[PDB]
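Q: One structure is given below, represented as structure tokens, and several questions about it will come after.
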Amino acid sequence: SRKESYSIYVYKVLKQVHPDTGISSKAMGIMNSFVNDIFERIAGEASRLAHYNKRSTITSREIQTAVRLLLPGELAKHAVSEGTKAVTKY
Amino acid sequence: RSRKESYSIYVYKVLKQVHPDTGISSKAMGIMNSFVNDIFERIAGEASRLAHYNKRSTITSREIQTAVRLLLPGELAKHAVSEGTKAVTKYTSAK
Amino acid sequence: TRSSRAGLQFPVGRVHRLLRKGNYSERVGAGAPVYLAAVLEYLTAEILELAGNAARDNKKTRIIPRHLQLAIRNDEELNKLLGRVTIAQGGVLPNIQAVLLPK
Amino acid sequence: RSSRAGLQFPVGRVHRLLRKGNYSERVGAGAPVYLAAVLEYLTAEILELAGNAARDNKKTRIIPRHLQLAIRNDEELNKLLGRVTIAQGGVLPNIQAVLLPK
Amino acid sequence: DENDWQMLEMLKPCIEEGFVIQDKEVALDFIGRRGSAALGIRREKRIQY
Amino acid sequence: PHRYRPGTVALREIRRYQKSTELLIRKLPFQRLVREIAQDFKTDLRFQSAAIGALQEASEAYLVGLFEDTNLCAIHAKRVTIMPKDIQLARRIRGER
Amino acid sequence: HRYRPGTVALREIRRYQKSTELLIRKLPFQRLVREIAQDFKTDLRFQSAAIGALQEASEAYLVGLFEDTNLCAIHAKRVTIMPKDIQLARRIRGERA
Amino acid sequence: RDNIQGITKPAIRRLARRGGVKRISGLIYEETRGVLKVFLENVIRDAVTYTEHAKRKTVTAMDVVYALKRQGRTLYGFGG
Amino acid sequence: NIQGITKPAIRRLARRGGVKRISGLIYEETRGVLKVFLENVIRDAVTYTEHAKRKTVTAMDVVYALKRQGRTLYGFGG
């Protein structure tokens with residue numbers, strides 16, 4: 001049916017990183033499971049923080065400190081920089 | 001002066017049922033409160049994932065039943081299903 | 001209340017409030033927190049049962065948390081559930097490796 | 001809003017999944033932007049090592065063997081996804097010290 | 001006048017404050033975000049307006 | 001067409017299988033093992049094949065992890081002949097019973 | 001007079017598997033925790049409850065670590081531990097990648 | 001019947017070689033079969049649990065994935 | 001600094017852990033593993049505290065940080 005996936009988005013990512021590199025179906029399934037995993041982890045950790053300070057809504061700041069919680073140092077620092085840049089540009 | 005909550009009196013009455021000649025330290029009461037909070041959050045999360053992987057949002061007692069059989073080890077969960085079904089029947093047959 | 005309407009010691013209303021203020025789904029069914037109260041009370045009943053036997057072990061009347069730790073660790077399934085959760089003031093079992101014993 | 005963020009992971013579909021997510025009461029308007037940026041950075045961080053793995057064996061289509069090697073060759077991505085196990089993967093080509101004949 | 005460094009010197013405020021918009025359609029949108037664009041008008045429609 | 005000392009076949013199999021990707025336990029005995037344990041909990045099941053392949057994948061993962069820890073215990077014990085008490089130590093320290 | 005080795009050692013294993021009171025005492029461990037935390041933000045104030053929780057967690061985690069260390073050191077046919085036992089056990093538990 | 005011996009001795013040998021084992025004893029095999037059996041017991045218990053609460057007489061791969069998520073040994077690749 | 005962790009205290013932890021006889025370099029290895037674990041825990045705790053926008057580490061930040069480790073601790077109301 002209209003089972004929605006993340007196919008064409010990661011295709012555009014791969015075209016904008018290695019512009020002449022193909023990829024298989026099951027590898028795309030692995031990427032799909034990867035994105036859904038990281039999405040549930042960060043959203044669950046954000047919901048935990050929402051309850052831990054009794055704040056019933058979600059801003060970007062919870063997401064920022066959530067990715068501070070999950071990922072270790074260097075990748076976290078780069079992701080914070082990327083998120084702040086995209087947020088300020090938006 | 002926020003009015004915080006606990007579980008001291010309810011567990012204390014359960015203790016007075018099954019062990020009447022038995023005291024308790026309040027530190028142990030905090031331990032048991034943390035214990036019940038942990039058990040409660042685990043059962044809540046399993047009920048949550050049941051609701052997600054079933055494409056429904058109406059939590060019956062049946063989802064709570066299957067979460068009880070998942071989270072707990074076997075024979076203890078069998079007695080737990082017994083206790084739960086008995087409480088459901090005794091609460092829903094009467095009012 | 002609804003508690004004696006099922007004959008327990010754990011409330012239904014507080015649990016029914018917590019199931020909405022945890023946002024664990026949209027709606028909460030009728031008798032499901034009663035079921036959960038029964039499950040919780042059976043669990044803590046078995047725990048405090050073995051805790052009382054542990055209180056009988058060192059011949060004390062008020063339960064100290066060492067008795068809690070030993071009662072959790074001695075049962076097989078209660079060491080299966082609460083194995084990944086250490087307990088404050090818990091300690092460990094009386095454990096001596098027999099291959100270390102002197103002749 | 002994808003164009004308003006200049007990114008590629010669509011913030012609107014993220015926003016729809018966050019509304020049906022049981023996560024708070026209300027969802028801000030910049031939080032899915034921030035989240036889609038973090039996910040884009042992680043997918044680029046993996047596909048970079050995937051391209052290097054496909055280049056080390058001179059292969060065009062990236063296979064899940066390349067993915068598994070690319071995950072285990074990083075140190076921080078091993079520390080993240082260590083309790084994750086990818087299908088079709090295999091392991092590192094790994095030989096111990098005392099196993100080789102002297 | 002390219003040496004008219006004061007011209008540049010009062011410009012650079014404007015350049016570097018508008019620098020937050022580096023392409024066309026988010027600029028048109030930043031306009032519609034004021035320009036009588038009734039909310040809900042989709043982004044490409046707001047830009048048409 | 002010759003025989004050499006024991007050990008060359010071992011390292012050759014290590015290289016051949018770390019080069020290789022796919023399944024080591026074959027399909028159909030694994031399917032009948034799954035059906036044996038599955039019928040004992042509920043009668044008359046029906047299966048998706050990809051479910052059984054996922055089971056096989058998880059099984060191979062769990063055994064490979066156990067063998068890695070077992071070989072680390074063995075090389076720690078100044079031995080290469082693994083013995084079942086190595087697997088005893090391994091599944092003790094992972095705490096999974 | 002003098003006893004034999006193992007008398008005092010196992011006697012204190014018996015004497016120290018009974019009291020759950022903490023052994024790493026308060027103030028030097030507190031100065032250590034403030035030293036560790038100092039390089040995250042300047043001049044952070046502390047509750048006593050967080051210090052007590054980390055003190056309990058530290059002693060419990062090293063109890064579990066020493067259990068797996070001693071099981072390794074006996075399993076490799078020795079009586080006395082050495083730090084590669086700790087390395088082996090931590091390699092098993094998946095802390096070292 | 002006897003499908004635990006459907007796990008062959010060369011299969012245990014092959015999985016030892018991929019993992020890196022060089023010297024395989026003879027007492028290892030049935031202990032390995034037993035550990036495989038206990039693992040499959042817990043996994044298929046959770047799988048049948050999710051299947052019965054689905055009220056469907058067929059076990060899906062998605063249920064296997066979700067049960068593995070309940071373990072801590074999460075499998076990607078096959079959906080979910 | 002690190003040398004509040006005295007030798008006989010590490011010996012006492014070896015006694016409760018089940019160890020009879022101790023080598024020498026166990027001391028430095030214990031200090032290293034102790035420092036690594038406390039670093040991870042205090043980093044998650046101060047991350048919780050910085051989202052709390054407060055200057056003092058709670059007990060609750062410690063409890064939920066050890067929850068995030070998969071090393072849940074009771075006794076302190078979490």
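Here, A, B, ... name the chains of the structure tokens in the order displayed, residue numbers run from 1 inside each chain, and ligands are numbered from 1 in the same displayed order.
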Mind checking which residues fall within 9 Å of residue 49 of chain C, counting only C-alpha atoms, ignoring those fewer than 4 positions away in the same chain, and posting them as a count of residues only?
A: 8
Q: Find the residues of chain B in contact range of chain C, meaning any atom within 6 Å when counting only C-alpha atoms, and list them as a PDB file with N, CA, C and O atoms, in the first residue's frame.
A:
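Written out: iface-v7.pdb:
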ATOM      1  N   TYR B  10      -0.112   1.848  51.528  1.00  0.00           N
ATOM      2  CA  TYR B  10      -0.735   0.746  50.812  1.00  0.00           C
ATOM      3  C   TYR B  10       0.098  -0.521  50.954  1.00  0.00           C
ATOM      4  O   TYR B  10      -0.403  -1.586  51.349  1.00  0.00           O
ATOM      5  N   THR B  22       5.579  -8.122  62.048  1.00  0.00           N
ATOM      6  CA  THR B  22       6.746  -7.744  61.258  1.00  0.00           C
ATOM      7  C   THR B  22       6.720  -6.243  61.036  1.00  0.00           C
ATOM      8  O   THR B  22       5.713  -5.705  60.563  1.00  0.00           O
ATOM      9  N   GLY B  23       7.818  -5.570  61.363  1.00  0.00           N
ATOM     10  CA  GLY B  23       7.963  -4.156  61.095  1.00  0.00           C
ATOM     11  C   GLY B  23       8.645  -3.892  59.768  1.00  0.00           C
ATOM     12  O   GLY B  23       8.880  -4.789  58.957  1.00  0.00           O
ATOM     13  N   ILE B  24       8.973  -2.621  59.555  1.00  0.00           N
ATOM     14  CA  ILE B  24       9.657  -2.189  58.344  1.00  0.00           C
ATOM     15  C   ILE B  24      10.405  -0.906  58.674  1.00  0.00           C
ATOM     16  O   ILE B  24       9.988  -0.133  59.539  1.00  0.00           O
ATOM     17  N   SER B  25      11.556  -0.723  58.035  1.00  0.00           N
ATOM     18  CA  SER B  25      12.223   0.566  58.058  1.00  0.00           C
ATOM     19  C   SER B  25      11.693   1.435  56.928  1.00  0.00           C
ATOM     20  O   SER B  25      11.279   0.938  55.877  1.00  0.00           O
ATOM     21  N   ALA B  28      13.534   1.067  53.629  1.00  0.00           N
ATOM     22  CA  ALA B  28      12.974  -0.018  52.838  1.00  0.00           C
ATOM     23  C   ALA B  28      11.689   0.394  52.149  1.00  0.00           C
ATOM     24  O   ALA B  28      11.398  -0.092  51.053  1.00  0.00           O
ATOM     25  N   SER B  48       2.756   0.507  25.804  1.00  0.00           N
ATOM     26  CA  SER B  48       2.977   1.485  24.749  1.00  0.00           C
ATOM     27  C   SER B  48       3.365   0.816  23.443  1.00  0.00           C
ATOM     28  O   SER B  48       2.770   1.087  22.395  1.00  0.00           O
ATOM     29  N   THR B  58      -6.681   2.024  22.151  1.00  0.00           N
ATOM     30  CA  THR B  58      -7.603   1.738  23.237  1.00  0.00           C
ATOM     31  C   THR B  58      -7.010   0.616  24.076  1.00  0.00           C
ATOM     32  O   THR B  58      -7.115  -0.559  23.707  1.00  0.00           O
ATOM     33  N   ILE B  59      -6.386   0.976  25.194  1.00  0.00           N
ATOM     34  CA  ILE B  59      -5.711   0.005  26.049  1.00  0.00           C
ATOM     35  C   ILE B  59      -6.782  -0.746  26.829  1.00  0.00           C
ATOM     36  O   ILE B  59      -7.363  -0.219  27.776  1.00  0.00           O
ATOM     37  N   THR B  60      -7.042  -1.987  26.439  1.00  0.00           N
ATOM     38  CA  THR B  60      -7.882  -2.859  27.248  1.00  0.00           C
ATOM     39  C   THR B  60      -7.011  -3.473  28.336  1.00  0.00           C
ATOM     40  O   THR B  60      -5.816  -3.189  28.447  1.00  0.00           O
ATOM     41  N   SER B  61      -7.587  -4.350  29.151  1.00  0.00           N
ATOM     42  CA  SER B  61      -6.757  -5.086  30.089  1.00  0.00           C
ATOM     43  C   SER B  61      -5.975  -6.202  29.410  1.00  0.00           C
ATOM     44  O   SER B  61      -5.041  -6.740  30.011  1.00  0.00           O
ATOM     45  N   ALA B  80       0.485 -14.284  38.313  1.00  0.00           N
ATOM     46  CA  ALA B  80       0.087 -12.896  38.129  1.00  0.00           C
ATOM     47  C   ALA B  80      -1.135 -12.781  37.229  1.00  0.00           C
ATOM     48  O   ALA B  80      -2.031 -11.977  37.498  1.00  0.00           O
ATOM     49  N   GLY B  84      -4.704 -11.219  38.279  1.00  0.00           N
ATOM     50  CA  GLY B  84      -5.279 -10.142  37.498  1.00  0.00           C
ATOM     51  C   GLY B  84      -6.651 -10.489  36.959  1.00  0.00           C
ATOM     52  O   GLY B  84      -7.578  -9.677  37.031  1.00  0.00           O
ATOM     53  N   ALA B  87      -9.159 -10.420  39.777  1.00  0.00           N
ATOM     54  CA  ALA B  87      -9.548  -9.068  40.158  1.00  0.00           C
ATOM     55  C   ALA B  87     -10.458  -8.430  39.114  1.00  0.00           C
ATOM     56  O   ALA B  87     -11.396  -7.707  39.473  1.00  0.00           O
ATOM     57  N   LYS B  90     -13.942 -10.064  39.624  1.00  0.00           N
ATOM     58  CA  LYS B  90     -14.590  -9.627  40.854  1.00  0.00           C
ATOM     59  C   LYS B  90     -14.967  -8.152  40.799  1.00  0.00           C
ATOM     60  O   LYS B  90     -15.933  -7.735  41.445  1.00  0.00           O
ATOM     61  N   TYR B  91     -14.252  -7.353  40.011  1.00  0.00           N
ATOM     62  CA  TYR B  91     -14.618  -5.950  39.897  1.00  0.00           C
ATOM     63  C   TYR B  91     -15.713  -5.715  38.870  1.00  0.00           C
ATOM     64  O   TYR B  91     -16.511  -4.787  39.031  1.00  0.00           O
TER      65      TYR B  91
END
Q: With a cut-off of 12 Å and counting only C-alpha atoms, select all residues of chain F in contact with chain C and give the selection as a list in words.
A: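 That gives the following set of residues: residues 94, 95, 96 and 97 of chain F.
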Q: Enumerate as a list in words the residues belonging to chain I that approach chain B to within 7 Å, with only C-alpha atoms taken into account.
A: residues 74, 75, 76, 77 and 78 of chain I
Q: Would you mind exporting the chosen residues as a PDB file, in the first residue's frame, restricted to N, CA, C and O atoms?
A:
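Saved as again.pdb:
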ATOM      1  N   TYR I  74      17.845   1.669  42.842  1.00  0.00           N
ATOM      2  CA  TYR I  74      16.707   1.963  43.692  1.00  0.00           C
ATOM      3  C   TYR I  74      17.150   2.754  44.912  1.00  0.00           C
ATOM      4  O   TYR I  74      18.275   3.247  44.996  1.00  0.00           O
ATOM      5  N   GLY I  75      16.253   2.866  45.882  1.00  0.00           N
ATOM      6  CA  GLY I  75      16.570   3.403  47.176  1.00  0.00           C
ATOM      7  C   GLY I  75      16.428   4.901  47.297  1.00  0.00           C
ATOM      8  O   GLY I  75      16.268   5.400  48.415  1.00  0.00           O
ATOM      9  N   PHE I  76      16.475   5.631  46.186  1.00  0.00           N
ATOM     10  CA  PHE I  76      16.537   7.083  46.226  1.00  0.00           C
ATOM     11  C   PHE I  76      15.385   7.722  45.466  1.00  0.00           C
ATOM     12  O   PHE I  76      15.452   8.894  45.099  1.00  0.00           O
ATOM     13  N   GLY I  77      14.325   6.961  45.224  1.00  0.00           N
ATOM     14  CA  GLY I  77      13.095   7.520  44.700  1.00  0.00           C
ATOM     15  C   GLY I  77      13.159   8.002  43.269  1.00  0.00           C
ATOM     16  O   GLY I  77      13.053   9.205  43.014  1.00  0.00           O
ATOM     17  N   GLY I  78      13.323   7.084  42.324  1.00  0.00           N
ATOM     18  CA  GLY I  78      13.403   7.450  40.922  1.00  0.00           C
ATOM     19  C   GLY I  78      12.257   6.927  40.082  1.00  0.00           C
ATOM     20  O   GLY I  78      11.759   7.623  39.200  1.00  0.00           O
TER      21      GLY I  78
END
Q: Check chain F with DSSP on the backbone and list each residue it calls helix (DSSP H, G or I), as a PyMOL selection string.
A: chain F and resi 8-19+27-39+49-76+84-93
Q: To one decimal in Å, tell me the separation between atom CA of residue 6 of chain A and atom CA of residue 20 of chain F.
A: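 Separation of atom CA of residue 6 of chain A and atom CA of residue 20 of chain F: 29.4 Å.
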Q: Restrict the distance test to only C-alpha atoms, flag each residue of chain D within 9 Å of chain E, and return the flagged residues as a list in words.
A: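 Result: residues 1, 3, 4 and 5 of chain D.
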Q: Would you list the contacts of residue 94 of chain D as a list in words, taking every protein, DNA or RNA residue within 10 Å and counting only C-alpha atoms, but skipping same-chain residues closer than 3 positions in sequence?
A: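 Residues meeting the cut-off are residues 91 and 97 of chain D; 14, 15 and 18 of chain F; 18, 19 and 20 of chain H.
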Q: Put those residues in a file: N, CA, C and O atoms, as a PDB file, in the first residue's frame.
A:
ATOM      1  N   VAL D  91      31.689 -10.411  10.189  1.00  0.00           N
ATOM      2  CA  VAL D  91      32.419  -9.640  11.188  1.00  0.00           C
ATOM      3  C   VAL D  91      33.660  -9.043  10.545  1.00  0.00           C
ATOM      4  O   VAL D  91      33.847  -9.137   9.327  1.00  0.00           O
ATOM      5  N   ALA D  97      46.733 -13.178  17.953  1.00  0.00           N
ATOM      6  CA  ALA D  97      48.191 -13.156  17.948  1.00  0.00           C
ATOM      7  C   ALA D  97      48.775 -14.564  17.954  1.00  0.00           C
ATOM      8  O   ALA D  97      49.590 -14.912  17.092  1.00  0.00           O
TER       9      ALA D  97
ATOM     10  N   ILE F  14      39.551 -19.903   8.282  1.00  0.00           N
ATOM     11  CA  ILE F  14      39.330 -18.597   8.904  1.00  0.00           C
ATOM     12  C   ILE F  14      39.319 -17.499   7.849  1.00  0.00           C
ATOM     13  O   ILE F  14      38.424 -16.648   7.825  1.00  0.00           O
ATOM     14  N   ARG F  15      40.290 -17.537   6.930  1.00  0.00           N
ATOM     15  CA  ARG F  15      40.329 -16.539   5.866  1.00  0.00           C
ATOM     16  C   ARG F  15      39.160 -16.697   4.902  1.00  0.00           C
ATOM     17  O   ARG F  15      38.561 -15.700   4.486  1.00  0.00           O
ATOM     18  N   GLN F  18      35.896 -15.475   6.930  1.00  0.00           N
ATOM     19  CA  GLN F  18      35.841 -14.033   7.103  1.00  0.00           C
ATOM     20  C   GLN F  18      35.786 -13.299   5.771  1.00  0.00           C
ATOM     21  O   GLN F  18      35.315 -12.159   5.729  1.00  0.00           O
TER      22      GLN F  18
ATOM     23  N   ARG H  18      34.339 -19.097  11.516  1.00  0.00           N
ATOM     24  CA  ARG H  18      34.009 -17.702  11.224  1.00  0.00           C
ATOM     25  C   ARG H  18      34.276 -16.814  12.429  1.00  0.00           C
ATOM     26  O   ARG H  18      34.847 -15.726  12.293  1.00  0.00           O
ATOM     27  N   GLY H  19      33.927 -17.286  13.619  1.00  0.00           N
ATOM     28  CA  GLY H  19      34.190 -16.526  14.822  1.00  0.00           C
ATOM     29  C   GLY H  19      35.647 -16.441  15.199  1.00  0.00           C
ATOM     30  O   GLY H  19      36.027 -15.527  15.938  1.00  0.00           O
ATOM     31  N   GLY H  20      36.470 -17.359  14.715  1.00  0.00           N
ATOM     32  CA  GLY H  20      37.895 -17.296  14.932  1.00  0.00           C
ATOM     33  C   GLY H  20      38.489 -18.443  15.709  1.00  0.00           C
ATOM     34  O   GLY H  20      39.680 -18.396  16.028  1.00  0.00           O
TER      35      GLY H  20
END
Q: Kindly determine which residues of chain F lie within 7 Å of chain H, considering only C-alpha atoms, and give the answer as a PyMOL selection string.
A: chain F and resi 10+13-14+17-18+24-25+29+32-33+37-38+45-48+50-51+64+67-68+71+80-84
Q: Provide the atom CA of residue 4 of chain G to atom CA of residue 23 of chain I distance in Å, to one decimal place.
A: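 Going from atom CA of residue 4 of chain G over to atom CA of residue 23 of chain I, I get 18.6 Å.
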